$ cat structure24.cif   # mmCIF, C-alpha atoms
data_run
#
loop_
_atom_site.group_PDB
_atom_site.id
_atom_site.type_symbol
_atom_site.label_atom_id
_atom_site.label_comp_id
_atom_site.auth_asym_id
_atom_site.auth_seq_id
_atom_site.Cartn_x
_atom_site.Cartn_y
_atom_site.Cartn_z
ATOM 1 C CA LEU A 1 1.918 -29.664 10.394
ATOM 2 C CA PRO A 2 -0.583 -32.144 11.928
ATOM 3 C CA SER A 3 -3.548 -32.712 9.621
ATOM 4 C CA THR A 4 -6.341 -32.031 12.097
ATOM 5 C CA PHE A 5 -4.517 -28.830 13.054
ATOM 6 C CA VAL A 6 -4.599 -27.733 9.400
ATOM 7 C CA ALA A 7 -8.250 -28.835 9.156
ATOM 8 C CA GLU A 8 -9.164 -26.675 12.190
ATOM 9 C CA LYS A 9 -7.142 -23.673 10.944
ATOM 10 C CA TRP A 10 -8.854 -24.238 7.560
ATOM 11 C CA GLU A 11 -12.397 -24.334 9.029
ATOM 12 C CA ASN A 12 -11.547 -21.156 10.958
ATOM 13 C CA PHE A 13 -10.283 -19.493 7.776
ATOM 14 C CA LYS A 14 -13.446 -20.253 5.766
ATOM 15 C CA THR A 15 -15.605 -18.908 8.592
ATOM 16 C CA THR A 16 -13.547 -15.752 9.168
ATOM 17 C CA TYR A 17 -13.123 -14.814 5.495
ATOM 18 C CA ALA A 18 -16.634 -16.030 4.593
ATOM 19 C CA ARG A 19 -15.511 -18.524 1.969
ATOM 20 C CA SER A 20 -18.201 -20.317 0.014
ATOM 21 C CA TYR A 21 -16.805 -23.542 -1.448
ATOM 22 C CA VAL A 22 -19.836 -25.434 -2.663
ATOM 23 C CA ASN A 23 -18.464 -28.839 -3.713
ATOM 24 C CA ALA A 24 -15.682 -31.241 -2.671
ATOM 25 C CA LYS A 25 -13.564 -30.342 -5.720
ATOM 26 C CA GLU A 26 -13.611 -26.568 -5.076
ATOM 27 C CA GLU A 27 -12.911 -27.377 -1.414
ATOM 28 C CA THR A 28 -10.002 -29.766 -2.104
ATOM 29 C CA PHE A 29 -8.413 -27.232 -4.481
ATOM 30 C CA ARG A 30 -8.638 -24.258 -2.084
ATOM 31 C CA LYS A 31 -7.538 -26.261 0.966
ATOM 32 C CA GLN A 32 -4.530 -27.502 -1.059
ATOM 33 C CA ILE A 33 -3.487 -23.884 -1.759
ATOM 34 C CA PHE A 34 -4.090 -22.976 1.897
ATOM 35 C CA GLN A 35 -2.145 -25.938 3.271
ATOM 36 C CA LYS A 36 0.817 -25.409 0.963
ATOM 37 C CA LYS A 37 0.943 -21.745 2.041
ATOM 38 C CA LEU A 38 0.836 -22.798 5.739
ATOM 39 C CA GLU A 39 3.856 -25.039 5.176
ATOM 40 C CA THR A 40 5.747 -22.110 3.592
ATOM 41 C CA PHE A 41 4.882 -19.856 6.569
ATOM 42 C CA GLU A 42 6.145 -22.457 9.072
ATOM 43 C CA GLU A 43 9.434 -22.808 7.157
ATOM 44 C CA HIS A 44 9.794 -19.025 6.710
ATOM 45 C CA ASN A 45 8.861 -18.243 10.327
ATOM 46 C CA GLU A 46 11.515 -20.781 11.376
ATOM 47 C CA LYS A 47 14.190 -18.995 9.335
ATOM 48 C CA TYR A 48 12.905 -15.874 11.099
ATOM 49 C CA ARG A 49 13.340 -17.185 14.670
ATOM 50 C CA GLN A 50 16.821 -18.332 13.585
ATOM 51 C CA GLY A 51 17.495 -14.720 12.481
ATOM 52 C CA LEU A 52 17.879 -15.625 8.796
ATOM 53 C CA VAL A 53 15.034 -13.305 7.701
ATOM 54 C CA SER A 54 13.599 -10.085 9.226
ATOM 55 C CA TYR A 55 9.838 -10.558 8.806
ATOM 56 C CA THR A 56 7.090 -13.123 9.416
ATOM 57 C CA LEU A 57 4.426 -14.608 7.107
ATOM 58 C CA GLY A 58 0.876 -15.342 8.237
ATOM 59 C CA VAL A 59 -2.708 -16.173 7.358
ATOM 60 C CA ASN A 60 -4.759 -13.383 5.730
ATOM 61 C CA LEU A 61 -7.233 -12.803 2.870
ATOM 62 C CA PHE A 62 -4.680 -14.200 0.360
ATOM 63 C CA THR A 63 -4.001 -17.587 1.927
ATOM 64 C CA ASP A 64 -6.396 -19.587 -0.286
ATOM 65 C CA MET A 65 -5.961 -17.362 -3.368
ATOM 66 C CA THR A 66 -4.228 -18.201 -6.640
ATOM 67 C CA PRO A 67 -1.581 -15.936 -8.262
ATOM 68 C CA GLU A 68 -4.232 -14.845 -10.807
ATOM 69 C CA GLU A 69 -6.642 -13.780 -8.042
ATOM 70 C CA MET A 70 -3.884 -11.976 -6.100
ATOM 71 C CA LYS A 71 -2.720 -10.078 -9.188
ATOM 72 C CA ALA A 72 -5.409 -7.387 -8.756
ATOM 73 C CA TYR A 73 -4.146 -6.645 -5.236
ATOM 74 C CA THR A 74 -0.374 -6.887 -5.658
ATOM 75 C CA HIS A 75 0.282 -6.064 -9.320
ATOM 76 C CA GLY A 76 -2.296 -3.515 -10.330
ATOM 77 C CA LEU A 77 0.052 -0.590 -11.120
ATOM 78 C CA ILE A 78 0.709 0.626 -14.668
ATOM 79 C CA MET A 79 3.704 2.872 -15.359
ATOM 80 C CA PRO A 80 2.854 5.547 -17.972
ATOM 81 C CA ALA A 81 5.273 7.182 -20.450
ATOM 82 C CA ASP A 82 5.900 10.205 -18.212
ATOM 83 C CA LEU A 83 6.227 9.233 -14.564
ATOM 84 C CA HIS A 84 5.560 12.739 -13.238
ATOM 85 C CA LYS A 85 3.286 14.752 -15.508
ATOM 86 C CA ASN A 86 3.031 18.354 -14.220
ATOM 87 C CA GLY A 87 4.859 17.449 -10.971
ATOM 88 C CA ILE A 88 7.277 19.717 -9.099
ATOM 89 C CA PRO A 89 10.691 18.073 -8.463
ATOM 90 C CA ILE A 90 12.219 17.850 -4.990
ATOM 91 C CA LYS A 91 15.985 17.662 -5.581
ATOM 92 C CA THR A 92 17.306 19.302 -2.412
ATOM 93 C CA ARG A 93 15.942 20.186 1.040
ATOM 94 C CA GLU A 94 15.622 23.831 -0.041
ATOM 95 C CA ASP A 95 13.080 22.595 -2.604
ATOM 96 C CA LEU A 96 10.993 21.518 0.405
ATOM 97 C CA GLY A 97 11.273 25.096 1.743
ATOM 98 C CA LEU A 98 13.510 23.946 4.606
ATOM 99 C CA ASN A 99 16.863 25.075 6.046
ATOM 100 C CA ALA A 100 20.279 23.393 6.023
ATOM 101 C CA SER A 101 21.525 21.497 9.111
ATOM 102 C CA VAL A 102 18.222 21.294 10.939
ATOM 103 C CA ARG A 103 17.599 17.701 11.924
ATOM 104 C CA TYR A 104 14.208 15.987 12.179
ATOM 105 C CA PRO A 105 13.553 13.086 14.596
ATOM 106 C CA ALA A 106 15.191 9.750 13.714
ATOM 107 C CA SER A 107 11.833 7.989 14.263
ATOM 108 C CA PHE A 108 8.396 9.340 13.277
ATOM 109 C CA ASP A 109 4.753 8.226 12.841
ATOM 110 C CA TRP A 110 1.946 10.474 11.476
ATOM 111 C CA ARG A 111 -0.590 8.403 13.449
ATOM 112 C CA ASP A 112 0.899 9.852 16.677
ATOM 113 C CA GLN A 113 -0.530 13.194 15.479
ATOM 114 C CA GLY A 114 -3.791 11.651 14.164
ATOM 115 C CA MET A 115 -3.073 12.617 10.545
ATOM 116 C CA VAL A 116 -3.714 9.246 8.888
ATOM 117 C CA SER A 117 -7.244 8.282 7.767
ATOM 118 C CA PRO A 118 -8.550 4.704 8.483
ATOM 119 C CA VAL A 119 -7.254 1.725 6.492
ATOM 120 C CA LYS A 120 -9.457 0.828 3.510
ATOM 121 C CA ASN A 121 -9.829 -2.352 1.414
ATOM 122 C CA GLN A 122 -9.502 -2.093 -2.362
ATOM 123 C CA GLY A 123 -10.847 -5.655 -2.833
ATOM 124 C CA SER A 124 -10.664 -7.420 -6.210
ATOM 125 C CA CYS A 125 -9.918 -4.286 -8.285
ATOM 126 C CA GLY A 126 -6.344 -3.269 -9.156
ATOM 127 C CA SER A 127 -6.890 0.206 -7.778
ATOM 128 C CA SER A 128 -4.002 0.520 -5.290
ATOM 129 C CA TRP A 129 -2.874 3.568 -7.321
ATOM 130 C CA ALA A 130 -6.163 5.237 -6.414
ATOM 131 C CA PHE A 131 -6.019 4.293 -2.718
ATOM 132 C CA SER A 132 -2.418 5.453 -2.406
ATOM 133 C CA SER A 133 -3.560 8.745 -3.962
ATOM 134 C CA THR A 134 -6.672 9.255 -1.823
ATOM 135 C CA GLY A 135 -4.761 8.267 1.317
ATOM 136 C CA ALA A 136 -2.168 10.974 0.696
ATOM 137 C CA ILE A 137 -4.855 13.603 -0.127
ATOM 138 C CA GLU A 138 -6.752 12.671 3.074
ATOM 139 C CA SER A 139 -3.612 13.028 5.182
ATOM 140 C CA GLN A 140 -3.017 16.460 3.615
ATOM 141 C CA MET A 141 -6.579 17.467 4.563
ATOM 142 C CA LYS A 142 -6.016 16.417 8.202
ATOM 143 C CA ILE A 143 -2.683 18.220 8.365
ATOM 144 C CA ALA A 144 -4.357 21.443 7.114
ATOM 145 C CA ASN A 145 -7.631 21.093 9.038
ATOM 146 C CA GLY A 146 -6.736 19.072 12.160
ATOM 147 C CA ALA A 147 -6.559 15.397 13.104
ATOM 148 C CA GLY A 148 -10.311 15.273 13.828
ATOM 149 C CA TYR A 149 -11.241 16.511 10.351
ATOM 150 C CA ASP A 150 -13.391 13.912 8.554
ATOM 151 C CA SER A 151 -11.357 13.389 5.391
ATOM 152 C CA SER A 152 -12.534 10.600 3.127
ATOM 153 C CA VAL A 153 -12.285 11.146 -0.639
ATOM 154 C CA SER A 154 -13.468 9.113 -3.649
ATOM 155 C CA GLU A 155 -11.310 6.283 -5.093
ATOM 156 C CA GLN A 156 -14.194 5.495 -7.461
ATOM 157 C CA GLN A 157 -13.934 8.954 -9.013
ATOM 158 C CA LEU A 158 -10.297 8.263 -9.881
ATOM 159 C CA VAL A 159 -11.095 4.753 -11.160
ATOM 160 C CA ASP A 160 -13.891 6.111 -13.384
ATOM 161 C CA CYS A 161 -12.515 9.508 -14.352
ATOM 162 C CA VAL A 162 -8.721 9.669 -14.587
ATOM 163 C CA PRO A 163 -8.573 9.836 -18.407
ATOM 164 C CA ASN A 164 -5.324 7.958 -18.926
ATOM 165 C CA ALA A 165 -5.446 5.559 -16.066
ATOM 166 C CA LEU A 166 -6.899 2.180 -16.966
ATOM 167 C CA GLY A 167 -9.285 1.862 -13.989
ATOM 168 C CA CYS A 168 -9.462 -1.461 -12.137
ATOM 169 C CA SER A 169 -6.863 -2.665 -14.658
ATOM 170 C CA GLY A 170 -4.317 -0.105 -13.437
ATOM 171 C CA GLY A 171 -3.155 3.471 -13.016
ATOM 172 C CA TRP A 172 -0.552 5.831 -11.618
ATOM 173 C CA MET A 173 -0.706 8.134 -8.550
ATOM 174 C CA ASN A 174 0.881 11.192 -10.175
ATOM 175 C CA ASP A 175 -1.733 10.989 -12.939
ATOM 176 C CA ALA A 176 -4.403 10.861 -10.241
ATOM 177 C CA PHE A 177 -2.921 13.957 -8.563
ATOM 178 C CA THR A 178 -2.666 16.025 -11.751
ATOM 179 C CA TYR A 179 -6.213 14.951 -12.688
ATOM 180 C CA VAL A 180 -7.661 16.104 -9.336
ATOM 181 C CA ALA A 181 -5.878 19.451 -9.672
ATOM 182 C CA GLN A 182 -7.120 20.001 -13.237
ATOM 183 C CA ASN A 183 -10.600 18.636 -12.437
ATOM 184 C CA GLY A 184 -11.228 21.284 -9.771
ATOM 185 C CA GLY A 185 -11.582 18.727 -7.001
ATOM 186 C CA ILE A 186 -12.300 15.228 -5.754
ATOM 187 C CA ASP A 187 -15.632 14.142 -4.287
ATOM 188 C CA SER A 188 -16.147 12.706 -0.819
ATOM 189 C CA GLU A 189 -16.349 8.906 -0.451
ATOM 190 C CA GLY A 190 -19.969 9.420 0.740
ATOM 191 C CA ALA A 191 -21.025 11.202 -2.460
ATOM 192 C CA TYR A 192 -19.139 8.851 -4.771
ATOM 193 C CA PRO A 193 -18.677 5.494 -2.991
ATOM 194 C CA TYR A 194 -16.331 2.666 -3.948
ATOM 195 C CA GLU A 195 -17.846 0.079 -6.300
ATOM 196 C CA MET A 196 -14.814 -2.258 -6.568
ATOM 197 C CA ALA A 197 -15.452 -2.207 -10.313
ATOM 198 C CA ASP A 198 -14.881 -0.062 -13.372
ATOM 199 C CA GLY A 199 -17.520 2.571 -14.019
ATOM 200 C CA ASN A 200 -18.586 5.637 -15.945
ATOM 201 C CA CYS A 201 -17.373 8.999 -14.705
ATOM 202 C CA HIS A 202 -20.114 10.824 -12.788
ATOM 203 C CA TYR A 203 -18.056 13.432 -10.942
ATOM 204 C CA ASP A 204 -20.194 15.934 -9.043
ATOM 205 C CA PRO A 205 -18.646 19.452 -8.841
ATOM 206 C CA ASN A 206 -20.995 20.297 -5.936
ATOM 207 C CA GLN A 207 -19.728 17.427 -3.720
ATOM 208 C CA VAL A 208 -15.971 18.250 -3.756
ATOM 209 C CA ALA A 209 -14.260 17.289 -0.479
ATOM 210 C CA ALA A 210 -10.713 18.360 -1.412
ATOM 211 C CA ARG A 211 -8.831 20.355 -4.022
ATOM 212 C CA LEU A 212 -5.192 20.165 -5.099
ATOM 213 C CA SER A 213 -2.956 22.803 -6.624
ATOM 214 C CA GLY A 214 -0.575 20.037 -7.764
ATOM 215 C CA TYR A 215 2.010 17.722 -6.245
ATOM 216 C CA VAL A 216 5.700 17.391 -5.543
ATOM 217 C CA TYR A 217 7.807 14.342 -6.304
ATOM 218 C CA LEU A 218 11.157 13.063 -5.087
ATOM 219 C CA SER A 219 13.576 13.364 -8.015
ATOM 220 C CA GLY A 220 15.651 10.317 -7.017
ATOM 221 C CA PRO A 221 15.626 7.437 -4.490
ATOM 222 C CA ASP A 222 17.281 9.382 -1.677
ATOM 223 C CA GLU A 223 15.876 7.741 1.441
ATOM 224 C CA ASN A 224 17.260 10.414 3.715
ATOM 225 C CA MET A 225 15.465 13.141 1.803
ATOM 226 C CA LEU A 226 12.409 10.902 1.737
ATOM 227 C CA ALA A 227 12.415 10.692 5.540
ATOM 228 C CA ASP A 228 12.602 14.505 5.631
ATOM 229 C CA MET A 229 9.771 14.760 3.117
ATOM 230 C CA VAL A 230 7.621 12.467 5.305
ATOM 231 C CA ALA A 231 8.461 14.483 8.431
ATOM 232 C CA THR A 232 7.772 17.913 6.935
ATOM 233 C CA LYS A 233 5.301 17.474 4.058
ATOM 234 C CA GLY A 234 3.236 14.529 5.267
ATOM 235 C CA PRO A 235 2.440 10.956 4.212
ATOM 236 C CA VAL A 236 4.056 10.089 0.853
ATOM 237 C CA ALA A 237 2.476 8.082 -1.975
ATOM 238 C CA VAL A 238 4.984 5.448 -3.128
ATOM 239 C CA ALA A 239 5.266 2.250 -5.131
ATOM 240 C CA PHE A 240 7.347 -0.893 -4.834
ATOM 241 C CA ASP A 241 7.986 -4.504 -5.838
ATOM 242 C CA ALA A 242 5.218 -6.475 -4.148
ATOM 243 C CA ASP A 243 6.084 -9.863 -5.727
ATOM 244 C CA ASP A 244 5.332 -12.903 -3.554
ATOM 245 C CA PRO A 245 5.686 -13.551 -0.750
ATOM 246 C CA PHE A 246 5.012 -9.910 0.193
ATOM 247 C CA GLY A 247 1.260 -10.567 0.128
ATOM 248 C CA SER A 248 1.623 -12.952 3.094
ATOM 249 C CA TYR A 249 3.648 -10.564 5.309
ATOM 250 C CA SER A 250 2.331 -10.608 8.877
ATOM 251 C CA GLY A 251 4.914 -8.651 10.881
ATOM 252 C CA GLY A 252 8.501 -7.524 11.376
ATOM 253 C CA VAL A 253 10.431 -5.658 8.709
ATOM 254 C CA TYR A 254 10.038 -6.778 5.126
ATOM 255 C CA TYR A 255 13.327 -7.462 3.356
ATOM 256 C CA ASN A 256 13.511 -9.547 0.199
ATOM 257 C CA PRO A 257 16.983 -10.273 -1.266
ATOM 258 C CA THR A 258 15.392 -10.762 -4.712
ATOM 259 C CA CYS A 259 13.396 -7.523 -4.646
ATOM 260 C CA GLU A 260 13.805 -5.223 -7.627
ATOM 261 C CA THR A 261 14.338 -1.457 -7.346
ATOM 262 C CA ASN A 262 12.870 -1.002 -10.787
ATOM 263 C CA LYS A 263 9.586 -2.936 -10.652
ATOM 264 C CA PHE A 264 6.660 -0.947 -9.252
ATOM 265 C CA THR A 265 3.682 -3.220 -8.903
ATOM 266 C CA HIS A 266 1.895 -1.898 -5.817
ATOM 267 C CA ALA A 267 1.117 1.646 -4.609
ATOM 268 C CA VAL A 268 0.978 2.424 -0.856
ATOM 269 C CA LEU A 269 1.478 5.318 1.581
ATOM 270 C CA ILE A 270 4.485 5.968 3.837
ATOM 271 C CA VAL A 271 3.218 7.346 7.153
ATOM 272 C CA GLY A 272 6.488 7.227 9.103
ATOM 273 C CA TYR A 273 9.795 5.543 9.798
ATOM 274 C CA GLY A 274 11.899 4.038 12.578
ATOM 275 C CA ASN A 275 14.231 1.208 13.487
ATOM 276 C CA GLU A 276 13.836 -2.250 15.010
ATOM 277 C CA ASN A 277 16.064 -5.286 15.618
ATOM 278 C CA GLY A 278 18.975 -3.337 14.112
ATOM 279 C CA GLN A 279 17.117 -2.424 10.913
ATOM 280 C CA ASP A 280 15.808 0.939 9.745
ATOM 281 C CA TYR A 281 12.312 0.723 8.320
ATOM 282 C CA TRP A 282 9.578 2.695 6.593
ATOM 283 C CA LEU A 283 6.149 2.476 8.229
ATOM 284 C CA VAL A 284 3.578 2.024 5.492
ATOM 285 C CA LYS A 285 -0.207 2.090 5.177
ATOM 286 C CA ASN A 286 -1.731 -0.564 2.910
ATOM 287 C CA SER A 287 -5.153 -0.796 1.222
ATOM 288 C CA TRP A 288 -5.941 -4.483 1.776
ATOM 289 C CA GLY A 289 -8.156 -3.971 4.839
ATOM 290 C CA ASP A 290 -7.236 -3.570 8.487
ATOM 291 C CA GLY A 291 -7.037 -7.354 8.906
ATOM 292 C CA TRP A 292 -3.956 -7.545 6.673
ATOM 293 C CA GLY A 293 -0.433 -7.198 8.110
ATOM 294 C CA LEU A 294 -0.095 -5.145 11.290
ATOM 295 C CA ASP A 295 -3.633 -3.766 11.446
ATOM 296 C CA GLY A 296 -3.465 -2.744 7.773
ATOM 297 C CA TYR A 297 0.125 -1.517 7.988
ATOM 298 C CA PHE A 298 3.570 -2.948 7.303
ATOM 299 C CA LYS A 299 7.241 -2.163 7.811
ATOM 300 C CA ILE A 300 9.756 -2.397 4.989
ATOM 301 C CA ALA A 301 13.569 -2.052 5.027
ATOM 302 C CA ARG A 302 14.812 1.561 4.930
ATOM 303 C CA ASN A 303 18.368 2.709 4.058
ATOM 304 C CA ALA A 304 18.896 -0.649 2.367
ATOM 305 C CA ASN A 305 19.685 0.650 -1.105
ATOM 306 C CA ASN A 306 16.126 1.668 -2.076
ATOM 307 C CA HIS A 307 14.769 -1.747 -1.144
ATOM 308 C CA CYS A 308 12.052 -2.944 -3.543
ATOM 309 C CA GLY A 309 12.162 0.543 -5.104
ATOM 310 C CA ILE A 310 10.312 2.070 -2.130
ATOM 311 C CA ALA A 311 12.012 5.477 -2.534
ATOM 312 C CA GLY A 312 11.845 5.370 -6.351
ATOM 313 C CA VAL A 313 8.480 7.016 -7.173
ATOM 314 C CA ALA A 314 7.606 9.087 -4.097
ATOM 315 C CA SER A 315 5.214 12.050 -4.280
ATOM 316 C CA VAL A 316 2.971 14.168 -2.070
ATOM 317 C CA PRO A 317 -0.130 16.046 -3.266
ATOM 318 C CA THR A 318 -0.250 19.804 -2.613
ATOM 319 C CA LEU A 319 -3.545 21.310 -1.419
#

$ encode --input "structure24.cif" --output "structure tokens"
Amino acid sequence: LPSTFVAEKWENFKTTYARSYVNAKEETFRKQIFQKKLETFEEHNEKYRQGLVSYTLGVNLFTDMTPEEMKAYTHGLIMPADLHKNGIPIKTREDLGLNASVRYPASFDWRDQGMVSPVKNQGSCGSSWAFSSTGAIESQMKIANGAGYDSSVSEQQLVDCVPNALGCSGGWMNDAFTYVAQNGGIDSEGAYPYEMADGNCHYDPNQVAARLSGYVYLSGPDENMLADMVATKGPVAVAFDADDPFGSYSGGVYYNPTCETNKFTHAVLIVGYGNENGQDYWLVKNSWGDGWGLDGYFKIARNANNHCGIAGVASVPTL
């Protein structure tokens, strides 16, 4: 890439993401990271146009960040001893309370019904487990109360209060769900706003925005059953292998030959599914701001042998 081109793209980046690099050495270092990443995007996006890969890479909040700085965003999950404490297993379709040989649409998107809350940004706190959890609770609230129902619940309450989560250093959605159910509710985001930092639990029982009776979880990585769970129960909290270069995804359908089905590093929310360019995909809400990916969302390979473990730890809270 021409140098003045990079320099312009770099100046634009600093301005747009409000970077403050206050000496030549900090500047040189960050621009080096940025330029190396740009080269990798060009090469990747070339393999894409040649139909060697299914997704594109692009500039976003991560482009001048080091692996250590990205860790909070992409690798904040912590798997506990019991992956589904107090959860109710979904083994068959009858467990969903649904009939045999009914057949839900082959493509679906909860946004078409207005049941997905706005995209949020977790920032520099490994709290994706909390955002996945609140996102799924908020979608349940809209399903029960209508698309226009203001549903925004408190990630900070989970970060501070879930007893055996580890806060900004990590956590687990199912532990968040069972906590909310046993706590007697979760506060609104207004009453208990996000601090992007660890804190001391100050839950207010008089500011509860939502209550849960529990949650259900998908017993095994059956993507077909997962599509039915999305279609009938609502957006599903899930986790997957978000190893690089996932962070720099900018469009298309994410497929990574090296992805593990057994490594759950990032928690997100499936809001639908479909197919494009001959590939089935899951449509997924992220928590890295609405500037990341496709307006805060991404597509990842579906019916590709539980790609990146996307169907491996799927659950939905129950109001």

$ closest_residue --input "structure24.cif" --among "A:234, A:309, A:274, A:148" --to "residue 108 (chain A)" --atoms "only C-alpha atoms"
A:274

$ resolve_selection --input "structure24.cif" --expression "the PyMOL selection byres ((chain A and resi 186) around 7)" --output "VMD selection string"
chain A and resid 153 to 154 180 185 187 to 188 208 to 211

$ closest_residue --input "structure24.cif" --among "A:156, A:248, A:4, A:182" --to "residue 64 (chain A)" --atoms "all atoms listed in the file"
A:248

$ closest_residue --input "structure24.cif" --among "A:207, A:56, A:286, A:45" --to "residue 130 (chain A)" --atoms "only C-alpha atoms"
A:286

$ resolve_selection --input "structure24.cif" --expression "the PyMOL selection byres ((chain A and resi 301) around 7)" --output "PyMOL selection string"
chain A and resi 253-255+279-282+299-300+302-304+307

$ write_last_selection --input "structure24.cif" --atoms "C-alpha atoms" --output "PDB file, keeping the file's coordinate frame"
ATOM      1  CA  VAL A 253      10.431  -5.658   8.709  1.00  0.00           C
ATOM      2  CA  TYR A 254      10.038  -6.778   5.126  1.00  0.00           C
ATOM      3  CA  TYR A 255      13.327  -7.462   3.356  1.00  0.00           C
ATOM      4  CA  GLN A 279      17.117  -2.424  10.913  1.00  0.00           C
ATOM      5  CA  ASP A 280      15.808   0.939   9.745  1.00  0.00           C
ATOM      6  CA  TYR A 281      12.312   0.723   8.320  1.00  0.00           C
ATOM      7  CA  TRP A 282       9.578   2.695   6.593  1.00  0.00           C
ATOM      8  CA  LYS A 299       7.241  -2.163   7.811  1.00  0.00           C
ATOM      9  CA  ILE A 300       9.756  -2.397   4.989  1.00  0.00           C
ATOM     10  CA  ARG A 302      14.812   1.561   4.930  1.00  0.00           C
ATOM     11  CA  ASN A 303      18.368   2.709   4.058  1.00  0.00           C
ATOM     12  CA  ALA A 304      18.896  -0.649   2.367  1.00  0.00           C
ATOM     13  CA  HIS A 307      14.769  -1.747  -1.144  1.00  0.00           C
TER      14      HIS A 307
END

$ resolve_selection --input "structure24.cif" --expression "the PyMOL selection byres ((chain A and resi 238) around 6)" --output "MDAnalysis selection string"
chainID A and resid 237 239 267:269 313:314

$ residues_around --input "structure24.cif" --residues "residue 163 (chain A)" --least-positions-apart "3" --cutoff "9 Å" --atoms "all atoms listed in the file" --output "PDB file with C-alpha atoms, in the coordinates of the input"
ATOM      1  CA  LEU A 158     -10.297   8.263  -9.881  1.00  0.00           C
ATOM      2  CA  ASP A 160     -13.891   6.111 -13.384  1.00  0.00           C
ATOM      3  CA  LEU A 166      -6.899   2.180 -16.966  1.00  0.00           C
ATOM      4  CA  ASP A 175      -1.733  10.989 -12.939  1.00  0.00           C
ATOM      5  CA  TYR A 179      -6.213  14.951 -12.688  1.00  0.00           C
TER       6      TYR A 179
END

$ closest_residue --input "structure24.cif" --among "A:67, A:247, A:220, A:184" --to "residue 90 (chain A)" --atoms "all atoms listed in the file"
A:220
